[PDB]
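J.: The data below comprise the sequence and an experimental structure of the protein.
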Amino acid sequence: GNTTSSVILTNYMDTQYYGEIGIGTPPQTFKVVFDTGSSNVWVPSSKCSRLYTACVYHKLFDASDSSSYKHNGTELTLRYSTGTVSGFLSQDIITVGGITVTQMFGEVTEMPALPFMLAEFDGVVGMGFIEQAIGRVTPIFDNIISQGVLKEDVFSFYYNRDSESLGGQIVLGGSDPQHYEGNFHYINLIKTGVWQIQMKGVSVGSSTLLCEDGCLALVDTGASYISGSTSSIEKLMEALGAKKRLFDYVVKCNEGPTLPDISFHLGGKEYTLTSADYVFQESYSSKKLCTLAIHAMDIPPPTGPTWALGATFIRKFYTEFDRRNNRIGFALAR
Amino acid sequence: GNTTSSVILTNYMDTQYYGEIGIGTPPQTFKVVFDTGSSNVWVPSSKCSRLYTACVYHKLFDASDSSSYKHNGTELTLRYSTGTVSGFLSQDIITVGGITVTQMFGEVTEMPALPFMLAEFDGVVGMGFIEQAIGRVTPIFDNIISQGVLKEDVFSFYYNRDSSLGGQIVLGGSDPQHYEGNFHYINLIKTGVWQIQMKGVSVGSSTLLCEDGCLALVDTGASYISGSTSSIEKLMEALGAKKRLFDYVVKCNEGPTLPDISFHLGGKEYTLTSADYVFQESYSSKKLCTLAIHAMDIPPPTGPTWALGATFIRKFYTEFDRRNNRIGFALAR
Ligand SMILES: C[C@@H](c1ccccc1)N(CC(=O)N(C)C)C(=O)C[C@@H](Cc1csc(N)n1)C(=O)N[C@@H](CC1CCCCC1)[C@@H](O)[C@@H]1CC(C)(C)N(C)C1=O
Ligand SMILES: C[C@@H](c1ccccc1)N(CC(=O)N(C)C)C(=O)C[C@@H](Cc1csc(N)n1)C(=O)N[C@@H](CC1CCCCC1)[C@@H](O)[C@@H]1CC(C)(C)N(C)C1=O
């Protein structure tokens, strides 16, 4: 076909990038997160216990105000690495920047405070294959593709950096030659079903101080940070001088602007992040500490163990999620 | 051609703005400073001596690492206003934005603490004309032009106030996201150098400095605006700034109090307020804030000149027009 669409994204702190979707007629608008580590949608439910503060604090979907709605009803649990969310399935029309799909989605009626209370977005839009969908429900894009609108069978990520800007943007169908420079480098996934890519190594410094003899890289938009297995990060951090705490990694602020280059030996290229890319310099004091933008995560099999290239890296490199030919391409951005 | 290549820039303390470049095959990455005041490209040699604490903390070029690398060994001393550096000439491919070109880069081997240590980046990329070149080696832009890939033979500069995005260079034109209105150019007095002529420095209402013509280098790799010791001396008096052990400070609390400083360029006035000159770390009556202007005596031939640095560039988006050999300005955003 010939459709191209955007979805304008709001960059909230370099940690959260959400768009907006509408469900039901009249539309009920929601701040969702576009997530290539999942294949499901879900948005708070009217039916949700108000004893769930997140449910007091977000926008709930009320089906009784949706003439376009078809009760389904199956319980589903969406457990993500940072938190779980049980609910049940409904169906209605979703409007995703341009495209209308009768989406099969889920009414979250148990929304935990941790993390959700710190969430700026209401729900999530999974952009991973059906080979991961809980309940085996045909995923949003999978529906846009069965629609024959799309000029091209790809979706691309642009993640801006903050402003005191244009936050980011997805493009369903195409790519945006005003977000990148040069040309793409294509890496083609291992199995289909997961956005993974083989990684030939990780160089903090110059020396491949990690992933020598390869490892795997999952490409995910729903990840604020870069993640690497526990020991993998233990070592990286070690190299790097970083203080391991509870949730994040730290560094004397002043220390920041000199932390060495870290590189991803990806599909043959070397994808380097300099410390201006992984260091949240909110200062240069010897007294204040500074939060890196990399952090462990042990991902259990079957997907894991993997490195997860989140928001951190998509911010430096435009990413082309290519369904047709089944591969992912990156470009340097603008 | 029809390309255009931005290079995102880091801003270390509103004083240093540096981007990345990659040399050789495979590309090897360094942090550089794109200098309109210089015309040689140089980065540390791996051949650089450990005793130089400097090379010690700075990215180095292992030529063994580049397949494309080509030998030249012709010795090079580069001598800047705040330092002299020195090594020999090499030849590889350079990446700049999505652009890639073979260059005559210098591979540094004698590099001092002062200033070298100050530096957060590793090298320099001189956006100067050939004319002002050591070894008379064609400057980087000089090649790229010839590559015939870029739409316009111009490069823009956006310096950002620090608090993000700290700057960005446009090789091939301008990023209209970063300027307000249109440019008002200013012809080069003459090729070779990036210097226009100023018709007067104002303190509020009146010209005081530069009553009958002066020079102004618009320079990207100089932090502060500079004047001759003797004009700046006059300048700090109208202000009531005081030299303090090093440079001129103010009682922060009195920032808001100071007269706008005005650069008469090509008929129009380029006007900087306190907001833009003082580094108001605070608004304390208890603190001294420092100004972002310095006395800096440039030698003949290029001197005496005023020199608009990052201070001024922060305000006025700069357009370096190779083609017309003019310099255009516009309000950054
Ligand atoms: C803590 C969590 C969070 C908190 C509040 C609000 C929003 C998000 N964060 C922010 C965060 O990590 N920092 C450091 C602030 C995530 O990025 C969440 C990210 C954690 C992570 C895992 S690997 C990595 N690099 N980061 C994740 O779970 N991301 C989920 C989807 C989330 C989208 C936003 C709503 C919550 C679910 C799947 O991408 C991950 C990836 C995959 C497939 C391995 N897997 C099974 C998952 O569950
Ligand atoms: C210390 C020096 C520096 C150098 C290296 C690293 C860190 C800092 N600094 C910061 C500085 O002086 N303050 C006060 C922040 C410069 O701005 C440097 C600037 C000083 C200057 C001269 S006129 C003026 N207003 N400011 C300069 O010498 N700039 C050089 C090239 C430098 C680029 C960064 C690496 C060190 C060399 C040419 O632009 C100048 C311009 C000209 C024409 C005077 N000439 C011959 C030069 O060599």
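T.: Thanks, I have the structure now. Numbers count the residues shown, from 1 in each chain, chains lettered A, B, ... in the order given. Ligands and ions are numbered 1, 2, ... in the order given.

J.: Helices of the stretch 151-300 of chain A, residue ranges please.
T.: Under the criterion DSSP state H, counting those that start in this stretch, helices of the stretch 151-300 of chain A are mapped to A:230-240.

J.: again with the stretch 1-150 of chain A
T.: A:53-56, A:113-116, A:140-145.

J.: which residues touch the longest one?
T.: What it means is helix A:140-145. When contacts are defined by Cβ atoms under 8 Å, 6 or more residues apart in numbering or on different chains, helix A:140-145 is touched by residues A:41, A:94, A:96, A:99, A:101-103, A:125-127, A:129-130, A:150, A:153, A:155, A:172, A:323. Bear in mind the C-beta positions are built from the backbone N, C-alpha and C, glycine included.

J.: Repeat the analysis, applying 6 Å as the threshold.
T.: Residues outside helix A:140-145 that contact it (Cβ atoms under 6 Å, 6 or more residues apart in numbering or on different chains): A:41, A:99, A:101, A:103, A:125, A:130, A:153.

J.: what do you get for the second one?
T.: Contacts of helix A:113-116 from elsewhere in the structure, counted by Cβ under 6 Å, 6+ apart, are A:53, A:54, A:82, A:83.

J.: Run a quick neighbour tally on the third one.
T.: Pointing back at residue A:82 there. 13 (other Cβ atoms under 10 Å in any protein chain shown).

J.: related to what we said a few turns ago, out of the contacts of helix A:113-116, which end up buried?
T.: With neighbours counted by 16 or more other Cβ atoms under 10 Å in any protein chain shown, the contacts of helix A:113-116 contain buried members at residue A:54.

J.: buried stuff in stretch A:227-245?
T.: Within stretch A:227-245, the residues that qualify as buried are A:227, A:228, A:229, A:232, A:233, A:235, A:236, A:237, A:239, A:240, A:242, counting by 16+ other Cβ under 10 Å.

J.: what about that stretch and chain B, any contact?
T.: No - applying Cβ under 6 Å from any Cβ of the partner chain, one finds stretch A:227-245 separated from chain B by no less than 13.2 Å.

J.: Give me the buried entries from the contacts of helix A:140-145.
T.: The neighbour-count test (16+ other Cβ under 10 Å) marks A:41, A:99, A:101, A:103, A:125, A:153 as buried among the contacts of helix A:140-145.

J.: Go through these and say which is closest to residue A:12.
T.: Residue A:12 lies nearest to residue A:125 out of the buried ones among the contacts of helix A:140-145, by Cβ to Cβ, at 16.2 Å.

J.: so the closest one bridges to which residues?
T.: Beta-bridge partners recorded for residue A:125 (DSSP bridges): residue A:34, residue A:41.

J.: Most tightly packed of the helices of the stretch 1-150 of chain A?
T.: Highest mean neighbour count among the helices of the stretch 1-150 of chain A (mean count of other Cβ atoms under 10 Å in any protein chain shown): helix A:140-145, with a mean of 21.

J.: how distant is that one from the center of its chain?
T.: How far helix A:140-145 lies from its chain's middle: 18 Å, per Cα atoms, centre = their mean, to the nearest Å.

J.: number of nearby residues for residue A:305?
T.: If you count neighbours by other Cβ under 10 Å, residue A:305 ends up with 16.

J.: That one touches residue A:231, doesn't it?
T.: No - between residue A:305 and residue A:231 there is no contact under Cβ atoms under 6 Å: 9.9 Å.
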